[PDB]
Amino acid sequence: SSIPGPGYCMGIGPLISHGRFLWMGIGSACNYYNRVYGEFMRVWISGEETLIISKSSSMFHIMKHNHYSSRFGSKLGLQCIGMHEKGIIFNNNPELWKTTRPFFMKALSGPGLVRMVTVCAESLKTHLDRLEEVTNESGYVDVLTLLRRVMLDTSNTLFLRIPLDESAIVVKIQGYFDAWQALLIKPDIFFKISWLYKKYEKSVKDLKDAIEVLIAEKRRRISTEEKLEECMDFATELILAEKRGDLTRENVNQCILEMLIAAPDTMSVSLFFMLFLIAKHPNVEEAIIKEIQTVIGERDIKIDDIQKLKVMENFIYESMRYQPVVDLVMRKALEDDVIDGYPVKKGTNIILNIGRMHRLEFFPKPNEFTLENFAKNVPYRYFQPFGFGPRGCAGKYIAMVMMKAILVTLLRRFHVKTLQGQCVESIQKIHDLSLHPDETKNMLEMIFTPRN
(Lines of atoms letter the chains of each structure in order from A and count residues from 1; the text may use other names and numbers.)
(Lines give C-alpha, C1' and ligand atoms only; values in the text may rest on other atoms or scores of the structure.)
Protein backbone atom coordinates (compact mmCIF):
# COMPACT_ATOMS: atom_id res chain seq x y z
CA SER A 1 0.00 0.00 0.00
CA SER A 2 1.02 3.62 -0.68
CA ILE A 3 0.85 6.04 2.25
CA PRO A 4 -2.22 8.21 3.17
CA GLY A 5 -1.96 11.90 4.21
CA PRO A 6 -1.95 15.44 2.74
CA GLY A 7 -0.44 16.18 -0.64
CA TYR A 8 3.23 16.95 -1.04
CA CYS A 9 2.39 20.16 -2.93
CA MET A 10 5.95 20.45 -4.31
CA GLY A 11 7.26 21.85 -0.97
CA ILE A 12 4.14 23.45 0.59
CA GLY A 13 2.85 20.11 1.96
CA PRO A 14 5.62 19.95 4.61
CA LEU A 15 5.35 23.62 5.62
CA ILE A 16 1.61 23.39 6.42
CA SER A 17 1.96 20.24 8.57
CA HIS A 18 4.90 21.47 10.67
CA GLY A 19 3.19 24.86 11.05
CA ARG A 20 0.00 23.03 12.07
CA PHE A 21 1.97 21.07 14.72
CA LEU A 22 3.43 24.33 16.01
CA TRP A 23 0.06 26.08 15.81
CA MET A 24 -2.24 23.37 17.20
CA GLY A 25 0.19 21.55 19.51
CA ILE A 26 1.59 18.07 18.87
CA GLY A 27 -1.24 16.07 20.44
CA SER A 28 -4.21 17.94 18.98
CA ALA A 29 -2.47 17.98 15.54
CA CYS A 30 -1.92 14.22 15.71
CA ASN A 31 -5.58 13.77 16.61
CA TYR A 32 -6.56 16.14 13.78
CA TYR A 33 -4.50 14.29 11.18
CA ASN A 34 -5.66 10.85 12.36
CA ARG A 35 -9.33 11.88 12.23
CA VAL A 36 -9.06 13.54 8.77
CA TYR A 37 -6.87 10.86 7.11
CA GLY A 38 -6.44 7.25 8.35
CA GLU A 39 -5.40 5.73 11.65
CA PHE A 40 -2.06 5.23 9.86
CA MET A 41 -0.83 8.27 7.94
CA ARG A 42 2.13 10.46 6.93
CA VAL A 43 3.06 14.06 7.64
CA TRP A 44 6.28 16.16 7.77
CA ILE A 45 8.03 17.73 10.78
CA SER A 46 10.84 19.88 9.48
CA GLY A 47 11.93 17.96 6.37
CA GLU A 48 11.61 14.40 7.58
CA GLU A 49 8.56 12.18 6.97
CA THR A 50 6.77 11.32 10.22
CA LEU A 51 4.11 8.62 10.58
CA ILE A 52 1.25 9.41 12.93
CA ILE A 53 -0.30 6.05 13.83
CA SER A 54 -3.22 4.99 16.08
CA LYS A 55 -3.58 1.31 15.01
CA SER A 56 -2.98 -1.24 17.81
CA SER A 57 -1.10 -3.65 15.53
CA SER A 58 1.39 -1.06 14.30
CA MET A 59 1.83 0.20 17.85
CA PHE A 60 2.59 -3.31 19.06
CA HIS A 61 4.95 -4.03 16.17
CA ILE A 62 6.89 -0.82 16.75
CA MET A 63 7.27 -1.03 20.56
CA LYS A 64 8.06 -4.80 20.36
CA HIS A 65 11.08 -4.57 18.03
CA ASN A 66 14.55 -3.20 18.88
CA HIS A 67 14.90 -1.26 15.58
CA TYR A 68 12.43 1.35 16.89
CA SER A 69 14.33 2.04 20.19
CA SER A 70 14.85 5.76 19.38
CA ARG A 71 12.81 8.93 19.58
CA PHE A 72 13.30 12.15 17.61
CA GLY A 73 13.29 15.94 17.69
CA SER A 74 15.30 19.09 17.07
CA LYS A 75 19.02 18.55 17.66
CA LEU A 76 19.25 22.28 18.51
CA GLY A 77 16.30 21.97 20.91
CA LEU A 78 17.60 18.79 22.53
CA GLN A 79 21.03 20.43 22.91
CA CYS A 80 19.36 23.48 24.41
CA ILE A 81 17.67 21.43 27.18
CA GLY A 82 20.57 18.97 27.65
CA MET A 83 18.92 15.86 26.20
CA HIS A 84 20.91 15.63 22.94
CA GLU A 85 22.71 12.28 23.24
CA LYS A 86 22.88 12.67 27.03
CA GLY A 87 20.05 11.43 29.28
CA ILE A 88 17.76 8.58 28.42
CA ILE A 89 14.33 10.09 27.71
CA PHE A 90 15.29 11.74 24.37
CA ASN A 91 18.75 10.17 24.06
CA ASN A 92 18.52 8.95 20.49
CA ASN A 93 22.09 7.65 20.29
CA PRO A 94 21.49 3.83 20.24
CA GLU A 95 24.71 2.80 22.01
CA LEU A 96 24.81 5.55 24.58
CA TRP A 97 21.10 5.01 25.36
CA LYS A 98 21.76 1.25 25.74
CA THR A 99 24.49 1.83 28.38
CA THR A 100 22.56 4.45 30.36
CA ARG A 101 19.12 2.82 30.56
CA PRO A 102 20.20 -0.06 32.84
CA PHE A 103 20.99 2.47 35.61
CA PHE A 104 17.38 3.68 35.51
CA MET A 105 15.92 0.18 35.26
CA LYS A 106 17.78 -1.06 38.36
CA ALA A 107 16.73 1.92 40.50
CA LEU A 108 13.05 1.68 39.46
CA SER A 109 12.56 -2.01 40.44
CA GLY A 110 13.55 -4.74 42.93
CA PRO A 111 14.23 -3.36 46.44
CA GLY A 112 13.78 0.33 45.46
CA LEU A 113 10.23 -0.26 44.20
CA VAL A 114 9.49 -1.92 47.59
CA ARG A 115 11.06 1.01 49.52
CA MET A 116 9.03 3.37 47.38
CA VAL A 117 5.64 2.32 48.77
CA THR A 118 6.42 3.62 52.31
CA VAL A 119 8.65 6.51 51.15
CA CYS A 120 5.77 7.68 48.97
CA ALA A 121 3.24 7.38 51.82
CA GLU A 122 5.39 9.03 54.53
CA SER A 123 6.08 11.95 52.16
CA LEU A 124 2.41 12.66 51.51
CA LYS A 125 1.61 12.32 55.24
CA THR A 126 4.23 15.01 55.87
CA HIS A 127 2.65 17.29 53.26
CA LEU A 128 -0.94 16.63 54.39
CA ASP A 129 0.03 17.71 57.94
CA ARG A 130 1.39 20.93 56.35
CA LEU A 131 -1.68 21.75 54.19
CA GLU A 132 -1.34 25.45 55.16
CA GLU A 133 1.49 25.64 52.58
CA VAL A 134 -1.02 24.81 49.86
CA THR A 135 -4.54 25.78 51.12
CA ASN A 136 -6.40 29.10 50.48
CA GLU A 137 -8.31 31.28 52.93
CA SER A 138 -11.44 29.84 51.24
CA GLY A 139 -10.12 26.26 51.82
CA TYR A 140 -8.98 25.80 48.20
CA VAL A 141 -5.99 23.40 47.92
CA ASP A 142 -3.50 23.89 45.09
CA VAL A 143 -3.45 20.18 44.30
CA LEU A 144 -1.04 20.46 41.34
CA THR A 145 1.59 22.10 43.59
CA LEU A 146 0.94 19.72 46.50
CA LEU A 147 1.41 16.66 44.29
CA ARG A 148 4.50 18.07 42.59
CA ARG A 149 6.13 18.69 45.95
CA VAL A 150 5.47 15.20 47.34
CA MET A 151 6.51 13.65 43.99
CA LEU A 152 9.80 15.59 44.18
CA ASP A 153 10.45 14.79 47.83
CA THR A 154 9.64 11.18 46.98
CA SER A 155 12.03 11.12 44.00
CA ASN A 156 14.76 12.90 45.94
CA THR A 157 14.69 10.69 49.07
CA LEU A 158 14.77 7.45 46.98
CA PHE A 159 17.24 8.35 44.14
CA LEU A 160 19.52 11.16 45.43
CA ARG A 161 18.70 12.09 49.04
CA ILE A 162 20.20 15.51 49.47
CA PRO A 163 18.21 18.26 51.21
CA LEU A 164 16.74 20.83 48.82
CA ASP A 165 14.19 23.64 48.39
CA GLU A 166 11.04 21.72 47.29
CA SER A 167 9.07 24.85 46.39
CA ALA A 168 11.83 26.43 44.32
CA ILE A 169 12.90 23.24 42.51
CA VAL A 170 9.25 22.41 41.69
CA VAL A 171 8.92 25.80 39.97
CA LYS A 172 12.23 25.27 38.19
CA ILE A 173 11.14 21.81 37.00
CA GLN A 174 7.91 23.29 35.60
CA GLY A 175 10.14 25.83 33.81
CA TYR A 176 12.36 23.09 32.40
CA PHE A 177 9.34 21.13 31.11
CA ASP A 178 7.92 24.22 29.36
CA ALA A 179 11.26 24.65 27.58
CA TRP A 180 11.50 20.98 26.61
CA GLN A 181 7.92 21.13 25.31
CA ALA A 182 8.52 24.43 23.49
CA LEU A 183 11.76 23.53 21.67
CA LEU A 184 11.30 19.81 20.93
CA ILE A 185 10.10 20.28 17.31
CA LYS A 186 10.91 23.93 16.55
CA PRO A 187 12.51 24.38 13.07
CA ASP A 188 16.19 25.32 12.73
CA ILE A 189 15.13 28.84 11.56
CA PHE A 190 13.66 29.47 15.06
CA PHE A 191 17.00 28.96 16.80
CA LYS A 192 18.79 31.72 14.82
CA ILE A 193 16.58 34.60 16.08
CA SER A 194 17.91 34.84 19.67
CA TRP A 195 15.26 36.90 21.51
CA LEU A 196 12.73 34.13 20.65
CA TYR A 197 14.39 31.38 22.79
CA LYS A 198 16.76 32.96 25.41
CA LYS A 199 13.59 32.84 27.56
CA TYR A 200 13.81 29.04 27.59
CA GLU A 201 17.59 28.84 27.78
CA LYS A 202 17.30 30.60 31.19
CA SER A 203 14.69 28.13 32.58
CA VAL A 204 17.06 25.28 31.72
CA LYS A 205 20.05 26.98 33.34
CA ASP A 206 18.02 27.68 36.53
CA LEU A 207 17.21 23.98 36.99
CA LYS A 208 20.59 22.69 35.83
CA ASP A 209 22.45 24.99 38.25
CA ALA A 210 20.17 24.00 41.14
CA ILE A 211 20.80 20.31 40.49
CA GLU A 212 24.60 20.87 40.07
CA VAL A 213 24.65 22.15 43.70
CA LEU A 214 22.92 18.98 44.87
CA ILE A 215 25.07 16.52 42.89
CA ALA A 216 28.10 18.53 44.13
CA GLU A 217 27.05 17.86 47.73
CA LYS A 218 26.25 14.24 46.83
CA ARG A 219 29.79 13.89 45.40
CA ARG A 220 31.47 15.16 48.61
CA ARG A 221 29.45 12.76 50.79
CA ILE A 222 30.48 9.79 48.62
CA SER A 223 34.21 10.65 48.83
CA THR A 224 34.19 10.76 52.68
CA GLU A 225 31.80 7.78 53.11
CA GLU A 226 32.87 4.85 55.32
CA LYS A 227 30.27 2.13 54.52
CA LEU A 228 29.92 2.63 50.75
CA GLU A 229 28.68 -1.02 50.52
CA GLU A 230 25.41 -0.58 52.39
CA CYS A 231 23.78 2.76 51.44
CA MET A 232 23.57 2.59 47.60
CA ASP A 233 21.18 4.61 45.46
CA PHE A 234 20.60 5.71 41.85
CA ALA A 235 22.77 8.84 41.97
CA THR A 236 25.62 6.94 43.66
CA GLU A 237 25.58 4.09 41.09
CA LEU A 238 26.02 6.68 38.34
CA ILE A 239 28.76 8.58 40.17
CA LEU A 240 30.68 5.33 40.79
CA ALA A 241 30.33 4.38 37.09
CA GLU A 242 31.87 7.81 36.24
CA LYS A 243 34.63 7.00 38.78
CA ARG A 244 35.20 3.80 36.82
CA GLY A 245 35.44 4.55 33.09
CA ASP A 246 31.82 3.98 32.26
CA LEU A 247 30.07 7.39 32.20
CA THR A 248 30.62 11.13 31.70
CA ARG A 249 29.98 13.79 34.37
CA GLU A 250 27.71 15.62 31.90
CA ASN A 251 25.67 12.43 31.32
CA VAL A 252 25.55 11.58 35.06
CA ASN A 253 24.32 15.09 35.72
CA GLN A 254 21.50 14.81 33.15
CA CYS A 255 20.43 11.34 34.36
CA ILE A 256 20.09 12.65 37.90
CA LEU A 257 18.11 15.61 36.44
CA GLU A 258 15.89 13.29 34.40
CA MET A 259 15.06 11.03 37.39
CA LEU A 260 14.07 14.04 39.56
CA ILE A 261 11.73 15.64 36.99
CA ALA A 262 10.01 12.42 35.85
CA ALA A 263 7.35 12.02 38.53
CA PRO A 264 6.67 15.75 39.13
CA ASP A 265 6.07 16.07 35.38
CA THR A 266 3.81 13.08 34.94
CA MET A 267 2.55 11.57 38.23
CA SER A 268 1.33 14.91 39.52
CA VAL A 269 -0.88 15.63 36.49
CA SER A 270 -2.11 12.00 36.34
CA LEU A 271 -3.13 11.97 40.00
CA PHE A 272 -4.66 15.41 39.56
CA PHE A 273 -6.95 14.10 36.80
CA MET A 274 -7.58 10.97 38.91
CA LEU A 275 -8.72 13.13 41.86
CA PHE A 276 -11.21 15.09 39.69
CA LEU A 277 -12.65 11.74 38.60
CA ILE A 278 -13.00 10.47 42.18
CA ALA A 279 -14.68 13.79 43.06
CA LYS A 280 -17.37 13.36 40.36
CA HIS A 281 -17.88 9.56 40.56
CA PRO A 282 -19.08 8.70 44.10
CA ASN A 283 -20.07 5.20 42.93
CA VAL A 284 -16.32 4.51 42.41
CA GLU A 285 -15.10 6.52 45.45
CA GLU A 286 -17.17 4.22 47.73
CA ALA A 287 -15.82 1.01 46.14
CA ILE A 288 -12.24 2.29 46.66
CA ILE A 289 -12.89 3.22 50.32
CA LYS A 290 -14.63 -0.12 50.97
CA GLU A 291 -11.56 -1.84 49.50
CA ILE A 292 -9.20 0.25 51.63
CA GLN A 293 -11.30 -0.66 54.73
CA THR A 294 -11.16 -4.40 53.91
CA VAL A 295 -7.58 -4.63 52.73
CA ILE A 296 -5.58 -2.09 54.77
CA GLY A 297 -7.84 -0.91 57.64
CA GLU A 298 -5.80 1.55 59.75
CA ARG A 299 -2.38 -0.03 59.18
CA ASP A 300 0.46 1.78 57.36
CA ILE A 301 0.37 0.68 53.71
CA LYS A 302 2.89 -2.04 52.85
CA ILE A 303 4.15 -3.66 49.62
CA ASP A 304 1.97 -6.77 50.19
CA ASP A 305 -1.18 -4.61 50.11
CA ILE A 306 -0.70 -3.09 46.64
CA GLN A 307 -1.50 -6.29 44.70
CA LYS A 308 -4.75 -6.66 46.71
CA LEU A 309 -5.96 -3.12 45.81
CA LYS A 310 -7.79 -4.37 42.69
CA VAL A 311 -10.58 -1.78 42.37
CA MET A 312 -8.09 1.11 42.67
CA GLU A 313 -5.84 -0.54 40.08
CA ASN A 314 -8.77 -0.60 37.62
CA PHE A 315 -9.56 3.01 38.51
CA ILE A 316 -5.95 4.01 37.84
CA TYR A 317 -5.98 2.14 34.49
CA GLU A 318 -9.39 3.53 33.45
CA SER A 319 -8.31 7.05 34.44
CA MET A 320 -5.17 6.81 32.24
CA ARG A 321 -7.24 5.24 29.45
CA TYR A 322 -10.05 7.80 29.55
CA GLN A 323 -8.10 10.96 30.47
CA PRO A 324 -4.40 10.40 29.76
CA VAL A 325 -1.49 12.68 30.40
CA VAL A 326 1.02 10.86 28.16
CA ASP A 327 -1.28 10.30 25.22
CA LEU A 328 1.40 10.02 22.54
CA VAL A 329 4.85 8.50 22.04
CA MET A 330 7.65 9.57 19.72
CA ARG A 331 9.81 6.91 18.05
CA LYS A 332 12.19 6.56 15.09
CA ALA A 333 12.82 3.71 12.66
CA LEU A 334 16.45 2.48 12.78
CA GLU A 335 16.03 -0.20 10.08
CA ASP A 336 13.70 -0.49 7.06
CA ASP A 337 10.56 -2.63 7.53
CA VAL A 338 7.02 -3.38 6.37
CA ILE A 339 4.52 -2.30 9.03
CA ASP A 340 0.93 -3.58 8.76
CA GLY A 341 0.67 -2.93 4.99
CA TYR A 342 2.98 0.00 4.44
CA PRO A 343 6.74 0.39 3.93
CA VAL A 344 8.67 2.39 6.57
CA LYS A 345 12.17 3.57 5.70
CA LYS A 346 15.08 3.85 8.15
CA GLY A 347 15.10 7.36 9.69
CA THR A 348 11.30 7.71 9.48
CA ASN A 349 9.83 9.41 12.54
CA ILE A 350 6.81 7.90 14.33
CA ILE A 351 4.19 9.35 16.65
CA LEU A 352 2.13 6.60 18.28
CA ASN A 353 -1.20 8.18 19.22
CA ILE A 354 -1.99 5.84 22.13
CA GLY A 355 -4.70 8.18 23.48
CA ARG A 356 -6.81 7.77 20.33
CA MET A 357 -6.05 4.02 20.16
CA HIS A 358 -7.64 3.52 23.59
CA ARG A 359 -10.91 4.88 22.22
CA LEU A 360 -10.96 2.95 18.91
CA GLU A 361 -9.78 -0.58 19.59
CA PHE A 362 -10.68 -2.98 22.40
CA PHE A 363 -12.85 -1.43 25.03
CA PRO A 364 -16.64 -1.87 25.34
CA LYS A 365 -17.52 1.72 26.33
CA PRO A 366 -14.47 3.67 25.04
CA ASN A 367 -15.93 7.20 25.17
CA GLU A 368 -17.19 7.14 28.78
CA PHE A 369 -15.51 6.67 32.17
CA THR A 370 -16.50 3.26 33.63
CA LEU A 371 -14.65 0.43 35.34
CA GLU A 372 -16.75 -1.87 33.10
CA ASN A 373 -13.91 -1.27 30.60
CA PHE A 374 -11.58 -3.21 32.95
CA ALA A 375 -14.03 -5.85 34.26
CA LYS A 376 -12.54 -8.36 31.78
CA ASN A 377 -8.72 -8.75 31.99
CA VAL A 378 -7.34 -6.39 29.27
CA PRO A 379 -4.70 -7.83 26.92
CA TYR A 380 -1.55 -5.68 27.09
CA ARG A 381 -1.51 -5.41 23.32
CA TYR A 382 -4.73 -3.29 23.37
CA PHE A 383 -3.78 -1.01 26.25
CA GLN A 384 -0.34 0.51 26.51
CA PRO A 385 -0.54 3.50 28.88
CA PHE A 386 3.16 3.13 29.72
CA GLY A 387 4.43 1.47 26.52
CA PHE A 388 6.40 -1.85 26.65
CA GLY A 389 9.43 -3.58 25.17
CA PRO A 390 13.08 -2.49 25.19
CA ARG A 391 12.18 1.26 25.41
CA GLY A 392 8.90 1.20 27.38
CA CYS A 393 8.48 3.41 30.44
CA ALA A 394 11.30 2.69 32.88
CA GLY A 395 8.97 3.73 35.68
CA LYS A 396 5.97 1.64 34.58
CA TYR A 397 5.93 -0.76 37.54
CA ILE A 398 6.95 1.64 40.31
CA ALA A 399 4.56 4.30 38.94
CA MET A 400 1.60 2.03 39.66
CA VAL A 401 2.99 1.40 43.15
CA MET A 402 3.44 5.16 43.73
CA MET A 403 -0.07 6.10 42.50
CA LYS A 404 -1.70 3.51 44.81
CA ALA A 405 0.34 4.69 47.76
CA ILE A 406 -0.71 8.34 47.38
CA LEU A 407 -4.38 7.60 46.51
CA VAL A 408 -4.66 5.30 49.54
CA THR A 409 -3.03 7.71 52.02
CA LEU A 410 -5.02 10.74 50.76
CA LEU A 411 -8.51 9.18 50.32
CA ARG A 412 -8.06 7.32 53.64
CA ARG A 413 -7.90 10.78 55.25
CA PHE A 414 -9.95 13.17 53.03
CA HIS A 415 -13.06 13.53 50.91
CA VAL A 416 -12.09 15.45 47.73
CA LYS A 417 -14.49 17.98 46.24
CA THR A 418 -14.19 19.98 43.02
CA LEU A 419 -15.16 23.71 42.65
CA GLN A 420 -18.35 24.58 40.71
CA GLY A 421 -19.49 21.82 38.31
CA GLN A 422 -15.88 21.34 37.17
CA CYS A 423 -14.69 17.94 35.91
CA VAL A 424 -11.84 16.60 33.76
CA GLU A 425 -14.09 17.07 30.72
CA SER A 426 -14.74 20.77 31.52
CA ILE A 427 -11.12 21.69 32.49
CA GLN A 428 -9.34 23.63 29.78
CA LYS A 429 -6.40 21.47 28.67
CA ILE A 430 -3.27 22.09 26.61
CA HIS A 431 -2.52 19.23 24.24
CA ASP A 432 1.08 19.61 23.05
CA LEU A 433 3.92 17.28 24.28
CA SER A 434 1.75 15.89 27.08
CA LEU A 435 -1.94 16.46 27.88
CA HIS A 436 -2.33 18.67 30.97
CA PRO A 437 -4.40 21.46 32.57
CA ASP A 438 -3.98 24.97 31.14
CA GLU A 439 -2.64 26.52 34.36
CA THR A 440 -3.14 30.11 33.14
CA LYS A 441 -6.84 29.40 33.71
CA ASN A 442 -8.19 28.83 37.27
CA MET A 443 -10.93 26.75 39.04
CA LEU A 444 -8.19 24.04 39.19
CA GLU A 445 -8.19 23.97 43.00
CA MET A 446 -9.95 21.37 45.17
CA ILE A 447 -11.36 21.12 48.71
CA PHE A 448 -10.20 18.51 51.23
CA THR A 449 -12.73 17.76 53.97
CA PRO A 450 -11.89 15.00 56.54
CA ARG A 451 -13.49 11.59 57.14
CA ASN A 452 -15.36 10.73 60.40
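Note that residue numbering follows the sequence shown and begins at 1.
With 122 to 130 and 339 to 347 compared on mean CA B-factor from the PDB entry, the stretch scoring higher is 339 to 347. Of the two segments, 187 to 195 and 134 to 142, the one listed with the higher mean B-factor is 187 to 195 (C-alpha atoms only). Within the group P390, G47, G395, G387, the record's highest C-alpha temperature factor is found at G47.
When the C-alpha B-factors of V326, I296, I256, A262 are read from the PDB record, the largest value belongs to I296. The PDB entry assigns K404 a C-alpha temperature factor belonging to the lowest third of its chain's modelled residues. In this PDB entry, the Cα temperature factor of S203 sits in the middle third of its chain's modelled residues. Ranked by C-alpha B-factor against the other modelled residues of its chain, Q420 falls in the highest third.
In the PDB entry, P102 places in the lowest third of its chain by CA B-factor.
Per-chain ranking of the deposited C-alpha B factor places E318 in the lowest third.
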